[PDB]
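Colleague: When you get a sec, could you give me coordinates for this:
(4 chains)
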2 protein chains.
Amino acid sequence: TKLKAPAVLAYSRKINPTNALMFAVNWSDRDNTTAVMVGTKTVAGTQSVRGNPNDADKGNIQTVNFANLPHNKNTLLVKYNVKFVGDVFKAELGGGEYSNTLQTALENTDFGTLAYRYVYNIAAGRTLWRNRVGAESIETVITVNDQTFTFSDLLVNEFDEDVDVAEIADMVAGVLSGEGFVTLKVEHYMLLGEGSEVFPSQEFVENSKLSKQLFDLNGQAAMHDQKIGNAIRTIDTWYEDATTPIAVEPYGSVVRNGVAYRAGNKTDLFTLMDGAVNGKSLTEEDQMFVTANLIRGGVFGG
Amino acid sequence: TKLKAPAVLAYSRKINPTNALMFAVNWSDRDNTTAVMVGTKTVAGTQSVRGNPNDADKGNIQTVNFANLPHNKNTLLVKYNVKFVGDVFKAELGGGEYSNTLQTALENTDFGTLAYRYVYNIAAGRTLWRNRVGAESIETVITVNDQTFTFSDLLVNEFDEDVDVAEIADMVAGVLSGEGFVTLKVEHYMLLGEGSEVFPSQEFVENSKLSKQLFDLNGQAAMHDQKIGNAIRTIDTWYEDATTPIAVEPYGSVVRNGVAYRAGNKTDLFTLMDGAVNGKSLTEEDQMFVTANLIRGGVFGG
DNA sequence: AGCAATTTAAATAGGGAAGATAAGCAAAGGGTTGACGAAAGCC
DNA sequence: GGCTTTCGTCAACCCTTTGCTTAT
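Modeller: Numbers count the residues shown, from 1 in each chain, chains lettered A, B, ... in the order given. This is the structure:
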């Protein structure tokens, strides 16, 4: 009794977004996709840090990788492909009598609600992040298996009920609960303005000669595959005292806020996984969380 | 109590101006816009260092970038779009406790007066800097949400009463004290003269083959987006011995003056924000300073 | 069908912001390489 | 009378993890 985790238990990605490519179009003609480019401005500023107050009367010179829309183009086009591969409960590391019993304990999970909020975040354009502020109207074109879907007025933090998101959901939930793959060809149009600053994912640079280093693909401004995939899995409204959706993590970690919303109150992924393999009746909002971390992937052993 | 600021606390800018362009028009016909082309002249000057009195018997040859009005056009047109986005009190980095008991510490702040001085600095033409001097009349055309506004004779230093910079500020203080965005599409007509010198923002150069590199956008003369945004925030008239408006900075620093007005005498932002969070009754003229800094953004941690 | 002039000077200064993190697993094999000396069939 | 094969005897660790100079 008391079935424990395998020492090496890990799961693969079942949501596989590509790197987003940032293009400039207009709101009328969306086919002449001018590619925005990361430029390098060197910016004079002020030294305002919380510790040093005697360094206040000095400037700081920080060269910054910047990405702006061209002044003749008023719409940012964010183009990426999201790949919803199947075989969620199968582990790429470990799994004997644990992954196979987690399969039989996560069999009756609401995958329709799980894959709905997975493609709602795609449809409502949560993957844009800072590209959403100041946008007049965000238009999202999704081209999955020669079917084009268009979304304009979707409120992001409230997962509302519309027909078209529930129609990409029933072809993704069939894969996530089954076997195969479904790829969505996402195209995000937002009317920011002429010359408005677009916001790619900044890169980690250790030493650097640049204060900002923006992600580039052949010099064109781009977003990380992990930044796009972060907002797609921002479906967790099932944590304790839930107000806003958070990204599914094994500890519900929001490191940008510095607070873990799933750790220390017996509601984290590992405790519910142990209860599921040991025989605890998982709640549906917790069963969805456990099978949503298996779609996120990660190492769940140790 | 003494709830400390988080190590990673940061707000984003809620004033997002595009990098300004520079066009050349006439005062009567304001629609035949040409592009102010940044040229490259080579001066022959004097070596006039404070030291080296043994010099200035030799020459000084430097090549600089110059942008001048065409001699058939007597009016410089400076075009940019200011984006006043909302959700000011929500921090991109950090959040919870310190940010949330500062959002509910800055809630009776006079947001009308803040947005009053914010759009009066886009109406008095303070975003033009050295393009202001020598102008006969600086006429500003601000078009927001399909109603244009014209301003021609506003005093730049005195925030005086005007009924049409207050109607714009009503659309801005309904955004800055809430959620959403608004976009002022600003045009700046100044009757400088025929063939006069316009003054774009100068780019920082490290290699420095040139001695003065003006900012260019595909050859067009241009001002930096952080330079236009620097003069929008020049609203701080509530420090010790206030004479002229400076930009709101966390220390009240003017790097071109070498002094910091708010730093040191217990009125800079960090020792005002900490007092507002901890429970000190903030004055109105310092509450607007703190939320003007939150509109400006920056790191406010550690 | 070669000829293209010389000197002279190339800017002084001020700024290059810090705060966070940098995973935990589990594996890492043995198989030959023995010389001296003493039973024990064997020329 | 050696002599040449094969079996029988006798054991027991503590390890360390790049420069040596460096061109007529």
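Colleague: can you pull the contacts of residue A:14?
Modeller: A:84, A:85, A:86, A:87, A:88, A:176, A:294, A:295, A:297 (C-beta atoms under 8 Å, 6 or more residues apart in numbering or on different chains). For the C-beta atoms, the positions are set from N, CA and C on the backbone; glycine is no exception.
Colleague: What sits closest to it if chain neighbours are left out?
Modeller: Leaving aside its sequence neighbours, residue A:14 sits nearest to residue A:295 (C-beta to C-beta, 6 or more residues apart in numbering or on different chains; 4.2 Å).
Colleague: Could you count how many residues lie near the one you found?
Modeller: Other residues near residue A:295 come to 24 when the count uses other C-beta atoms under 10 Å in any protein chain shown.
Colleague: likewise residue A:214?
Modeller: Applying other C-beta under 10 Å, we find 23 residues neighbouring residue A:214.
Colleague: Residue numbers of the stretch 1-150 of chain A in contact with chain B?
Modeller: A:41-51, A:53-54, A:56-59, A:61, A:63, A:68, A:71, A:130, A:133-136 (C-beta under 8 Å from any C-beta of the partner chain).
Colleague: near DNA strand C, which of the residues you listed show up?
Modeller: Restricting the residues of the stretch 1-150 of chain A next to chain B to those near DNA strand C by C-beta under 7 Å from any atom of the strand leaves A:42, A:44, A:45, A:47, A:49, A:50, A:51, A:58, A:59, A:61, A:63.
Colleague: who wins for neighbours among the residues you listed?
Modeller: Counting neighbours by other C-beta under 10 Å, the top entry in those is residue A:50, with 21 neighbours.
Colleague: surely that residue meets residue B:6?
Modeller: No. Contact criterion C-beta atoms under 8 Å: residue A:50 and residue B:6 do not qualify, at 10.9 Å.
Colleague: so what sits against both of the two?
Modeller: residue B:301.
Colleague: got the ones next to DNA strand C among the residues of the stretch 1-150 of chain A next to chain B as JSON lines, with distance to residue A:29 and secondary structure columns?
Modeller: Formatted as JSON lines, those follow (distance: C-beta to C-beta, whole Å; DSSP: H, G, I helix; E, B strand; the rest coil):
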{"residue": "A:42", "distance to residue A:29": "34", "secondary structure": "strand"}
{"residue": "A:44", "distance to residue A:29": "38", "secondary structure": "strand"}
{"residue": "A:45", "distance to residue A:29": "38", "secondary structure": "coil"}
{"residue": "A:47", "distance to residue A:29": "45", "secondary structure": "coil"}
{"residue": "A:49", "distance to residue A:29": "46", "secondary structure": "coil"}
{"residue": "A:50", "distance to residue A:29": "48", "secondary structure": "coil"}
{"residue": "A:51", "distance to residue A:29": "51", "secondary structure": "coil"}
{"residue": "A:58", "distance to residue A:29": "48", "secondary structure": "coil"}
{"residue": "A:59", "distance to residue A:29": "43", "secondary structure": "coil"}
{"residue": "A:61", "distance to residue A:29": "40", "secondary structure": "strand"}
{"residue": "A:63", "distance to residue A:29": "34", "secondary structure": "strand"}
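Colleague: okay if I get the residues you listed as JSON lines plus distance to residue B:160?
Modeller: Listed next are these as JSON lines, based on distance: C-beta to C-beta, whole Å:
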{"residue": "A:42", "distance to residue B:160": "37"}
{"residue": "A:44", "distance to residue B:160": "31"}
{"residue": "A:45", "distance to residue B:160": "30"}
{"residue": "A:47", "distance to residue B:160": "33"}
{"residue": "A:49", "distance to residue B:160": "36"}
{"residue": "A:50", "distance to residue B:160": "36"}
{"residue": "A:51", "distance to residue B:160": "40"}
{"residue": "A:58", "distance to residue B:160": "34"}
{"residue": "A:59", "distance to residue B:160": "31"}
{"residue": "A:61", "distance to residue B:160": "36"}
{"residue": "A:63", "distance to residue B:160": "39"}
